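Content type compact mmCIF, C-alpha atoms and all ligand atoms, from the file start_12.txt:
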```
# COMPACT_ATOMS: atom_id res chain seq x y z
CA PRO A 1 -190.17 65.50 145.86
CA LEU A 2 -189.01 61.92 146.34
CA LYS A 3 -185.49 61.20 147.63
CA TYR A 4 -183.85 57.77 148.11
CA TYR A 5 -180.68 56.83 149.97
CA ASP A 6 -179.47 53.34 149.02
CA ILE A 7 -177.59 52.01 152.07
CA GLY A 8 -176.51 48.87 150.21
CA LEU A 9 -174.80 49.55 146.93
CA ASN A 10 -172.12 46.97 146.03
CA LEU A 11 -170.54 49.27 143.47
CA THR A 12 -167.24 47.40 143.36
CA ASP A 13 -169.00 44.24 142.16
CA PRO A 14 -167.51 42.91 138.91
CA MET A 15 -170.92 43.03 137.16
CA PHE A 16 -170.82 46.85 137.38
CA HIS A 17 -167.45 46.66 135.65
CA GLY A 18 -168.85 44.56 132.79
CA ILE A 19 -167.64 41.21 134.14
CA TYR A 20 -169.99 38.20 134.49
CA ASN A 21 -168.90 34.66 135.45
CA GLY A 22 -165.27 35.91 135.15
CA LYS A 23 -165.72 37.09 131.57
CA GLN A 24 -165.87 40.67 130.30
CA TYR A 25 -168.95 41.35 128.16
CA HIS A 26 -169.08 45.15 128.03
CA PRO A 27 -167.12 48.20 129.17
CA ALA A 28 -167.77 49.18 132.79
CA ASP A 29 -170.91 51.36 132.86
CA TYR A 30 -171.10 52.51 136.49
CA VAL A 31 -171.25 56.22 135.61
CA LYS A 32 -174.37 55.59 133.45
CA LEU A 33 -175.65 53.39 136.26
CA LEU A 34 -175.36 56.37 138.61
CA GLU A 35 -177.12 58.59 136.05
CA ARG A 36 -180.02 56.08 135.94
CA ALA A 37 -180.22 56.12 139.74
CA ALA A 38 -180.23 59.96 139.88
CA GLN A 39 -182.99 60.05 137.27
CA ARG A 40 -185.03 57.76 139.56
CA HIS A 41 -184.51 60.11 142.54
CA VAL A 42 -181.63 58.35 144.27
CA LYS A 43 -179.64 61.13 145.90
CA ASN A 44 -177.04 59.29 148.00
CA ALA A 45 -175.69 55.75 148.31
CA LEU A 46 -173.44 53.86 150.67
CA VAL A 47 -170.85 51.71 148.86
CA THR A 48 -170.09 48.51 150.77
CA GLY A 49 -166.58 47.34 151.67
CA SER A 50 -166.18 43.66 152.69
CA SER A 51 -162.42 43.18 153.22
CA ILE A 52 -159.33 45.34 153.61
CA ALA A 53 -158.68 45.03 149.86
CA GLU A 54 -162.32 45.60 148.94
CA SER A 55 -162.56 48.56 151.30
CA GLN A 56 -159.52 50.01 149.54
CA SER A 57 -161.22 49.38 146.17
CA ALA A 58 -164.32 51.22 147.45
CA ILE A 59 -162.20 54.17 148.65
CA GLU A 60 -160.58 54.43 145.24
CA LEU A 61 -163.74 53.93 143.23
CA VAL A 62 -165.62 56.59 145.17
CA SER A 63 -162.67 58.99 144.72
CA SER A 64 -162.50 58.14 140.98
CA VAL A 65 -166.13 59.19 140.39
CA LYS A 66 -166.45 62.17 142.81
CA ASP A 67 -166.62 64.59 139.89
CA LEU A 68 -168.63 62.26 137.63
CA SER A 69 -171.36 60.86 139.91
CA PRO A 70 -174.68 62.68 140.20
CA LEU A 71 -175.16 60.68 143.45
CA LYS A 72 -173.31 61.60 146.59
CA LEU A 73 -171.38 58.42 147.40
CA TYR A 74 -170.19 57.34 150.80
CA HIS A 75 -168.55 54.05 151.74
CA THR A 76 -167.78 51.63 154.53
CA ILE A 77 -164.53 50.05 155.77
CA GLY A 78 -164.50 46.63 157.40
CA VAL A 79 -163.99 42.89 156.96
CA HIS A 80 -167.08 40.73 156.36
CA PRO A 81 -167.39 37.22 157.83
CA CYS A 82 -166.69 35.94 154.20
CA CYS A 83 -163.25 37.29 154.45
CA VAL A 84 -161.96 37.11 158.01
CA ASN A 85 -159.31 34.59 156.96
CA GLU A 86 -157.34 37.60 155.69
CA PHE A 87 -156.57 38.40 159.35
CA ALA A 88 -154.76 35.06 159.53
CA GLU A 89 -162.39 22.33 154.97
CA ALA A 90 -159.06 21.45 156.61
CA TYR A 91 -157.59 24.88 156.05
CA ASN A 92 -160.57 26.87 157.37
CA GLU A 93 -160.94 24.63 160.42
CA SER A 94 -157.23 24.86 161.24
CA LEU A 95 -156.96 28.64 161.30
CA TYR A 96 -158.45 29.56 164.66
CA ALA A 97 -156.15 27.34 166.70
CA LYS A 98 -153.17 28.63 164.68
CA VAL A 99 -154.09 32.27 165.33
CA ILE A 100 -154.48 31.67 169.07
CA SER A 101 -151.14 29.83 169.10
CA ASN A 102 -149.38 32.65 167.18
CA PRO A 103 -151.46 35.88 167.10
CA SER A 104 -148.70 38.13 165.73
CA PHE A 105 -149.88 38.16 162.09
CA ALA A 106 -153.49 38.90 163.10
CA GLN A 107 -152.28 41.63 165.44
CA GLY A 108 -150.61 43.30 162.44
CA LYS A 109 -153.68 42.98 160.24
CA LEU A 110 -155.91 44.50 162.89
CA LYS A 111 -153.44 47.38 163.21
CA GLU A 112 -153.50 47.84 159.43
CA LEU A 113 -157.30 48.02 159.51
CA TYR A 114 -157.40 50.52 162.41
CA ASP A 115 -154.78 52.64 160.68
CA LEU A 116 -156.83 52.65 157.45
CA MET A 117 -160.00 53.70 159.29
CA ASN A 118 -158.13 56.52 161.03
CA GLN A 119 -156.47 57.73 157.81
CA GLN A 120 -159.83 57.83 156.07
CA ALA A 121 -161.72 59.39 158.98
CA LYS A 122 -159.21 62.29 159.12
CA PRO A 123 -160.57 64.78 156.55
CA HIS A 124 -163.57 66.90 157.62
CA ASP A 125 -165.28 66.06 154.29
CA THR A 126 -164.47 62.32 154.22
CA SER A 127 -166.56 59.84 152.19
CA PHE A 128 -165.85 57.13 154.82
CA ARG A 129 -169.11 57.13 156.84
CA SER A 130 -169.65 53.69 158.42
CA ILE A 131 -167.65 50.79 159.87
CA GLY A 132 -168.65 47.51 158.20
CA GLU A 133 -169.67 45.19 156.67
CA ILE A 134 -168.92 43.21 159.85
CA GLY A 135 -170.83 40.43 161.56
CA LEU A 136 -171.68 36.76 161.26
CA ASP A 137 -172.79 34.55 158.36
CA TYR A 138 -173.57 30.96 159.26
CA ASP A 139 -174.67 30.19 155.68
CA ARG A 140 -170.99 30.61 154.70
CA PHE A 141 -168.93 28.28 156.88
CA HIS A 142 -167.29 27.18 153.63
CA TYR A 143 -165.58 30.59 153.60
CA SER A 144 -164.65 30.88 157.28
CA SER A 145 -165.11 28.94 160.49
CA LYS A 146 -167.59 29.97 163.18
CA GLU A 147 -164.73 30.61 165.59
CA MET A 148 -162.87 32.85 163.11
CA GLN A 149 -166.08 34.77 162.41
CA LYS A 150 -166.87 35.35 166.08
CA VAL A 151 -163.33 36.38 167.05
CA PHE A 152 -162.80 38.87 164.22
CA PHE A 153 -166.30 40.33 164.42
CA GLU A 154 -165.54 41.09 168.06
CA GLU A 155 -162.03 42.46 167.44
CA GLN A 156 -163.43 44.80 164.78
CA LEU A 157 -166.10 45.94 167.20
CA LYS A 158 -163.30 46.75 169.63
CA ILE A 159 -161.39 48.71 166.99
CA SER A 160 -164.56 50.67 166.20
CA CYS A 161 -164.52 51.85 169.87
CA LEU A 162 -160.80 52.62 170.18
CA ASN A 163 -161.00 56.39 169.85
CA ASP A 164 -163.67 59.11 170.00
CA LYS A 165 -163.96 59.68 166.25
CA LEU A 166 -164.47 56.03 165.30
CA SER A 167 -166.74 55.50 168.32
CA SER A 168 -169.29 57.86 166.75
CA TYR A 169 -169.38 56.03 163.41
CA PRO A 170 -172.51 53.99 162.71
CA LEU A 171 -171.99 50.24 162.28
CA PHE A 172 -173.01 48.46 159.10
CA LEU A 173 -173.69 44.94 160.30
CA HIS A 174 -174.11 41.62 158.50
CA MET A 175 -176.19 38.86 160.06
CA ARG A 176 -177.30 35.67 158.37
CA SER A 177 -178.58 32.60 160.26
CA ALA A 178 -176.61 33.67 163.33
CA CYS A 179 -179.08 35.72 165.37
CA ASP A 180 -178.41 34.38 168.86
CA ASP A 181 -174.61 34.58 168.56
CA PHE A 182 -174.80 38.02 166.86
CA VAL A 183 -176.97 39.38 169.69
CA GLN A 184 -174.76 37.75 172.33
CA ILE A 185 -171.66 39.56 171.03
CA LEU A 186 -173.38 42.90 170.50
CA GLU A 187 -175.09 42.84 173.90
CA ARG A 188 -171.68 42.89 175.60
CA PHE A 189 -170.85 46.14 173.78
CA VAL A 190 -174.35 47.60 174.38
CA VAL A 191 -174.02 47.07 178.18
CA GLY A 192 -170.21 47.38 178.33
CA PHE A 193 -167.41 44.95 179.18
CA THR A 194 -163.76 45.01 180.16
CA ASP A 195 -161.10 43.25 178.08
CA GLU A 196 -158.28 42.50 180.51
CA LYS A 197 -156.47 39.95 178.30
CA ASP A 198 -156.39 41.98 175.04
CA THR A 199 -155.10 39.00 173.02
CA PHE A 200 -154.69 41.14 169.90
CA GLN A 201 -152.96 44.01 171.69
CA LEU A 202 -155.39 46.72 170.59
CA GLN A 203 -154.73 48.83 173.67
CA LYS A 204 -151.21 49.38 172.22
CA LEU A 205 -152.71 51.17 169.21
CA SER A 206 -158.92 56.33 174.42
CA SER A 207 -158.63 54.55 177.78
CA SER A 208 -156.15 52.27 179.53
CA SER A 209 -159.17 50.71 181.25
CA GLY A 210 -160.01 48.09 178.62
CA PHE A 211 -163.69 49.04 178.97
CA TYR A 212 -165.61 48.73 175.69
CA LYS A 213 -169.13 50.19 175.40
CA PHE A 214 -171.02 51.62 172.44
CA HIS A 215 -171.70 55.33 172.60
CA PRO A 216 -175.36 55.82 173.59
CA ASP A 217 -176.03 57.53 170.22
CA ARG A 218 -174.15 55.03 168.01
CA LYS A 219 -176.43 53.59 165.34
CA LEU A 220 -176.40 49.87 164.63
CA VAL A 221 -177.64 49.04 161.14
CA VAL A 222 -178.51 45.43 160.38
CA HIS A 223 -178.11 45.23 156.57
CA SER A 224 -180.17 43.04 154.25
CA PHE A 225 -182.46 41.53 156.88
CA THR A 226 -184.18 38.26 155.91
CA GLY A 227 -184.76 36.64 159.32
CA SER A 228 -187.79 35.45 161.21
CA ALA A 229 -190.28 37.43 163.31
CA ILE A 230 -188.56 36.03 166.43
CA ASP A 231 -185.16 37.16 165.13
CA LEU A 232 -186.54 40.62 164.40
CA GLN A 233 -187.81 41.03 167.97
CA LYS A 234 -184.42 39.95 169.35
CA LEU A 235 -182.72 42.61 167.22
CA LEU A 236 -185.20 45.39 168.06
CA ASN A 237 -184.93 44.65 171.77
CA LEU A 238 -181.12 44.65 171.74
CA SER A 239 -181.05 48.48 171.49
CA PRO A 240 -183.33 51.36 170.48
CA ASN A 241 -180.48 52.23 168.09
CA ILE A 242 -180.87 49.04 166.01
CA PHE A 243 -182.12 49.74 162.49
CA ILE A 244 -183.22 47.14 159.94
CA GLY A 245 -182.17 47.29 156.28
CA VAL A 246 -184.79 46.09 153.79
CA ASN A 247 -184.04 45.20 150.17
CA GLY A 248 -185.63 42.92 147.56
CA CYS A 249 -184.24 39.82 149.28
CA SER A 250 -186.09 40.91 152.46
CA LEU A 251 -189.39 40.81 150.46
CA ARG A 252 -189.31 37.44 148.63
CA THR A 253 -191.92 35.39 150.49
CA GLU A 254 -195.22 36.14 152.25
CA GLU A 255 -193.43 35.36 155.55
CA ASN A 256 -190.77 37.98 154.69
CA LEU A 257 -193.52 40.55 154.03
CA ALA A 258 -195.20 39.74 157.38
CA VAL A 259 -191.90 40.26 159.15
CA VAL A 260 -191.25 43.58 157.34
CA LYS A 261 -194.72 44.81 158.41
CA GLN A 262 -193.54 44.48 162.04
CA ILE A 263 -190.45 46.68 161.63
CA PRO A 264 -191.15 50.09 163.22
CA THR A 265 -191.35 52.45 160.26
CA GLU A 266 -188.78 54.93 161.62
CA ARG A 267 -186.33 52.06 162.20
CA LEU A 268 -186.55 50.73 158.63
CA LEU A 269 -183.90 51.66 156.05
CA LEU A 270 -184.12 50.97 152.32
CA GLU A 271 -181.45 49.40 150.11
CA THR A 272 -181.13 47.51 146.86
CA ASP A 273 -178.08 45.29 147.54
CA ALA A 274 -177.43 45.86 143.82
CA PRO A 275 -176.42 43.91 141.78
CA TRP A 276 -178.23 41.32 143.95
CA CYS A 277 -181.81 41.12 145.21
CA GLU A 278 -183.78 41.93 142.05
CA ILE A 279 -187.52 41.96 142.77
CA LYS A 280 -188.78 39.14 140.54
CA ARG A 281 -192.19 38.03 139.29
CA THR A 282 -191.84 34.85 141.37
CA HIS A 283 -191.54 36.91 144.60
CA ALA A 284 -194.46 37.81 146.90
CA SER A 285 -193.38 41.44 146.49
CA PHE A 286 -194.12 41.56 142.75
CA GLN A 287 -197.87 41.93 143.15
CA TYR A 288 -197.33 45.49 144.42
CA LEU A 289 -195.22 46.42 141.39
CA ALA A 290 -197.89 44.88 139.15
CA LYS A 291 -200.48 47.10 140.90
CA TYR A 292 -198.33 50.19 140.35
CA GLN A 293 -197.78 49.29 136.68
CA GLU A 294 -201.54 48.99 136.21
CA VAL A 295 -202.99 51.85 138.23
CA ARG A 296 -200.14 54.24 139.07
CA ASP A 297 -198.27 54.89 135.80
CA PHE A 298 -195.19 52.92 136.93
CA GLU A 299 -192.44 51.89 134.51
CA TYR A 300 -191.04 48.36 135.04
CA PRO A 301 -188.21 48.00 134.30
CA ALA A 302 -187.16 51.64 134.82
CA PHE A 303 -185.09 51.66 131.60
CA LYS A 304 -184.84 49.17 128.72
CA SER A 305 -183.06 45.99 129.91
CA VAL A 306 -180.91 43.91 127.52
CA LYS A 307 -178.88 40.71 127.85
CA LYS A 308 -175.26 41.25 128.99
CA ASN A 309 -173.90 40.50 125.49
CA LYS A 310 -176.13 43.21 123.96
CA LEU A 311 -175.21 46.14 126.23
CA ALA A 312 -171.89 47.21 124.70
CA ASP A 313 -173.35 48.37 121.36
CA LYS A 314 -175.78 50.58 123.32
CA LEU A 315 -173.04 52.47 125.21
CA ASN A 316 -172.29 55.22 122.69
CA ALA A 317 -175.99 56.21 122.52
CA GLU A 318 -177.47 58.79 124.86
CA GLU A 319 -180.36 56.53 125.98
CA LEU A 320 -179.69 54.50 129.14
CA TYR A 321 -179.91 50.70 129.31
CA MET A 322 -179.88 48.07 132.08
CA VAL A 323 -178.61 44.49 132.00
CA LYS A 324 -181.15 41.68 132.51
CA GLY A 325 -180.51 39.97 135.85
CA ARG A 326 -178.27 42.74 137.21
CA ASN A 327 -180.01 44.82 139.86
CA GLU A 328 -179.28 48.55 140.17
CA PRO A 329 -179.66 51.39 142.70
CA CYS A 330 -182.29 52.98 140.41
CA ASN A 331 -184.57 50.23 141.70
CA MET A 332 -184.84 51.83 145.15
CA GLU A 333 -188.29 53.03 144.13
CA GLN A 334 -189.45 49.41 143.76
CA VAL A 335 -188.41 48.55 147.31
CA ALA A 336 -190.22 51.67 148.59
CA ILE A 337 -193.43 50.77 146.70
CA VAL A 338 -193.45 47.26 148.13
CA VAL A 339 -192.73 48.36 151.71
CA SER A 340 -195.39 51.09 151.53
CA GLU A 341 -198.05 48.62 150.33
CA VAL A 342 -197.08 45.95 152.86
CA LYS A 343 -197.21 48.41 155.77
CA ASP A 344 -200.23 50.37 154.51
CA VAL A 345 -198.20 53.57 154.88
CA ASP A 346 -198.63 56.22 152.20
CA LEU A 347 -195.71 55.99 149.71
CA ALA A 348 -194.54 59.62 149.99
CA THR A 349 -194.83 59.34 153.80
CA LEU A 350 -192.63 56.26 153.88
CA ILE A 351 -190.07 57.78 151.50
CA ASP A 352 -189.85 60.94 153.61
CA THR A 353 -189.41 59.07 156.92
CA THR A 354 -186.76 56.71 155.47
CA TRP A 355 -184.89 59.55 153.77
CA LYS A 356 -184.64 61.63 156.94
CA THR A 357 -183.72 58.66 159.11
CA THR A 358 -181.01 57.48 156.71
CA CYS A 359 -179.51 60.97 156.39
CA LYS A 360 -179.29 61.23 160.19
CA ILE A 361 -177.39 57.95 160.37
CA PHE A 362 -174.92 58.24 157.47
CA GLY A 363 -174.91 61.97 156.62
MG MG A 401 -175.22 42.82 150.91
```

Could the structure of this file be written out as structure tokens, please?
Amino acid sequence: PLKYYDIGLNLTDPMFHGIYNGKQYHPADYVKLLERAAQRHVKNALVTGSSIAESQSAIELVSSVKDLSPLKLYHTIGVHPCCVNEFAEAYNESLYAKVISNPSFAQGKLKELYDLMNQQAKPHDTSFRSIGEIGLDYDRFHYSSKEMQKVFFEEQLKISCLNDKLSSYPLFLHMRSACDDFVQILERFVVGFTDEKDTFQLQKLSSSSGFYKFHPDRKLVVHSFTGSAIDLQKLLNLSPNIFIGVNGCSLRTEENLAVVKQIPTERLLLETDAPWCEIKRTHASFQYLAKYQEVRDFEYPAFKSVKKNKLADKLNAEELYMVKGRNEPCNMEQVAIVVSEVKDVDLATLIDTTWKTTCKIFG
């Protein structure tokens, strides 16, 4: 009995609402999307939040489908490096100095974020299960400066430690092309440090001490990993509680596959990053799907796939259809097949280990 837990479902993405390049092509089909995923053994998924507004959208979307989704949906709350300007070329570069000069607005935004996390963490049965996406993305300095990324990654890490309930939440971390700086910031929280200055006045919102340290059981999930073998070793050595998320983007080249082979199997989590990270014929991963198609009775794609302008007419019918170019959580099974072949770990074995590990982290 196979079970998948997609830790990277971008369910708020406009493509899942029928919008492509800013144009609506079909009615939103996310309930049918969830039905497709359930049919392909996806039991649970974590819906990503990337800003205060997007986290609020995720809260509301998950609530809106609680009685319609055959998947159990959880979500994150956090502000991604894309979006840290909401706490605050010429404009982006100017912001850090302006925040330091007058931190009052940022102080209020950090309070708003803390308050949201606490509100959502309240109920015993809450769908809010992880703080993130937070981290660093040095491929996106056109969205935010390095200084703004580093400061607001760190302030969010502090918030995630501010009380006992949040301190236990696993972190859903973003890292792209920023390994050394990402490790440098996290290492201070792994070992512990004292924030005397408290520029953003967080200690006004569990201890007067100013001492920040991750709980020894807090899990640290590095989403959508595509780094080098050297980067991987830096992450694994940071903490035994570092986990590595693997999706189709993590499997594109032979180098990527070699790196994935080195991830300890019990520290590997599976995700689609849907609607992104489709496993394509031009990827080194495809050969394993080809093998499964040929020798193992595997259906690729999992359901008929049509162009975006052809989906709408299919939506009254009972049969389920995908959109060409739009990845989905029902493609978890493809990631699992590839990882199992790359690692020479029996497929059912891999699925079982990843399922149990993911459930322990997120619930
Ligand atoms: Mg992602």

Site check for ligand MG 401 (chain A): residues at most 9 Å away, only C-alpha atoms and all ligand atoms, as JSON, numbers by chain: {"A": [8, 9, 10, 48, 133, 174, 223, 224, 272, 273, 274, 276, 277]}

Just checking: using only C-alpha atoms, which residue out of A:55, A:237, A:119, A:92 ends up closest to residue 142 of chain A? A:92

Give as JSON, numbers by chain every residue, naming chains and numbers as the document does, that has an atom within 12 Å of (-170.8, 60.8, 166.8), counting only C-alpha atoms. {"A": [129, 130, 160, 161, 163, 164, 165, 166, 167, 168, 169, 170, 171, 214, 215, 216, 217, 218, 219, 360, 361, 362, 363]}

Store the residues picked out above, limited to C-alpha atoms, as an mmCIF file, in the frame of the given file.
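out_22.cif was written with the following content:
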```cif
data_model
loop_
_atom_site.group_PDB
_atom_site.id
_atom_site.type_symbol
_atom_site.label_atom_id
_atom_site.label_comp_id
_atom_site.auth_asym_id
_atom_site.auth_seq_id
_atom_site.Cartn_x
_atom_site.Cartn_y
_atom_site.Cartn_z
ATOM 1 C CA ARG A 129 -169.110 57.130 156.840
ATOM 2 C CA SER A 130 -169.650 53.690 158.420
ATOM 3 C CA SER A 160 -164.560 50.670 166.200
ATOM 4 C CA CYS A 161 -164.520 51.850 169.870
ATOM 5 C CA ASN A 163 -161.000 56.390 169.850
ATOM 6 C CA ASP A 164 -163.670 59.110 170.000
ATOM 7 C CA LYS A 165 -163.960 59.680 166.250
ATOM 8 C CA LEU A 166 -164.470 56.030 165.300
ATOM 9 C CA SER A 167 -166.740 55.500 168.320
ATOM 10 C CA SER A 168 -169.290 57.860 166.750
ATOM 11 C CA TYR A 169 -169.380 56.030 163.410
ATOM 12 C CA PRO A 170 -172.510 53.990 162.710
ATOM 13 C CA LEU A 171 -171.990 50.240 162.280
ATOM 14 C CA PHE A 214 -171.020 51.620 172.440
ATOM 15 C CA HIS A 215 -171.700 55.330 172.600
ATOM 16 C CA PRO A 216 -175.360 55.820 173.590
ATOM 17 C CA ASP A 217 -176.030 57.530 170.220
ATOM 18 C CA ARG A 218 -174.150 55.030 168.010
ATOM 19 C CA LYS A 219 -176.430 53.590 165.340
ATOM 20 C CA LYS A 360 -179.290 61.230 160.190
ATOM 21 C CA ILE A 361 -177.390 57.950 160.370
ATOM 22 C CA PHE A 362 -174.920 58.240 157.470
ATOM 23 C CA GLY A 363 -174.910 61.970 156.620
#
```

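The smallest atom-to-atom distance between residue 42 of chain A and any of A:24, A:12, A:69, A:340, using only C-alpha atoms, is found for A:69.
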
Could you tell me, as a count of residues only, which residues have any atom at most 7 Å from (-189.4, 39.8, 161.1), counting only C-alpha atoms? 12

Which residue of A:257, A:79, A:222, A:68 approaches residue 56 of chain A most closely, using only C-alpha atoms: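 Residue with the minimum atom-to-atom distance to residue 56 of chain A: A:79.
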
Minimum-distance residue to residue 144 of chain A, chosen among A:233, A:126, A:85, A:104 (using only C-alpha atoms):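 Of all the options, A:85 lies closest to residue 144 of chain A.
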
Which residues come within 8 Å of segment 242-244 of chain A, counting all atoms listed in the file, excluding same-chain residues fewer than 2 positions away, as a PDB file with C-alpha atoms, in the frame of the given file?
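part.pdb, freshly written:
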```pdb
ATOM      1  CA  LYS A 219    -176.430  53.590 165.340  1.00  0.00           C
ATOM      2  CA  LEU A 220    -176.400  49.870 164.630  1.00  0.00           C
ATOM      3  CA  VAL A 221    -177.640  49.040 161.140  1.00  0.00           C
ATOM      4  CA  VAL A 222    -178.510  45.430 160.380  1.00  0.00           C
ATOM      5  CA  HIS A 223    -178.110  45.230 156.570  1.00  0.00           C
ATOM      6  CA  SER A 224    -180.170  43.040 154.250  1.00  0.00           C
ATOM      7  CA  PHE A 225    -182.460  41.530 156.880  1.00  0.00           C
ATOM      8  CA  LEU A 235    -182.720  42.610 167.220  1.00  0.00           C
ATOM      9  CA  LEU A 236    -185.200  45.390 168.060  1.00  0.00           C
ATOM     10  CA  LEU A 238    -181.120  44.650 171.740  1.00  0.00           C
ATOM     11  CA  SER A 239    -181.050  48.480 171.490  1.00  0.00           C
ATOM     12  CA  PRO A 240    -183.330  51.360 170.480  1.00  0.00           C
ATOM     13  CA  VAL A 246    -184.790  46.090 153.790  1.00  0.00           C
ATOM     14  CA  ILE A 263    -190.450  46.680 161.630  1.00  0.00           C
ATOM     15  CA  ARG A 267    -186.330  52.060 162.200  1.00  0.00           C
ATOM     16  CA  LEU A 268    -186.550  50.730 158.630  1.00  0.00           C
ATOM     17  CA  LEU A 269    -183.900  51.660 156.050  1.00  0.00           C
TER      18      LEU A 269
END
```

What is the distance between atom CA of residue 19 of chain A and atom CA of residue 301 of chain A, in Å to one decimal?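 Computed distance, atom CA of residue 19 of chain A to atom CA of residue 301 of chain A, equals 21.7 Å.
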
Point out the residue among A:191, A:347, A:162, A:279 with the least atom-to-atom distance to residue 328 of chain A, counting all atoms listed in the file.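 Selected residue with least distance to residue 328 of chain A: A:279.
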
Quick check, in Å to one decimal: how far apart do atom CA of residue 209 of chain A and atom CA of residue 112 of chain A lie?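 Computed distance, atom CA of residue 209 of chain A to atom CA of residue 112 of chain A, equals 22.7 Å.
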
Rank nothing, just name the residue among A:84, A:205, A:46, A:295 nearest to residue 154 of chain A, using all atoms listed in the file. A:84

Using the file's own x, y and z axes, so that the box edges lie along x, y and z, what centre and edge lengths in Å (one decimal) does a box around every listed atom of segment 120-134 of chain A get when 8 Å is added on each side? Give it as AutoDock Vina command-line options.
```
--center_x -164.4 --center_y 55.1 --center_z 156.0 --size_x 26.5 --size_y 39.7 --size_z 23.7
```
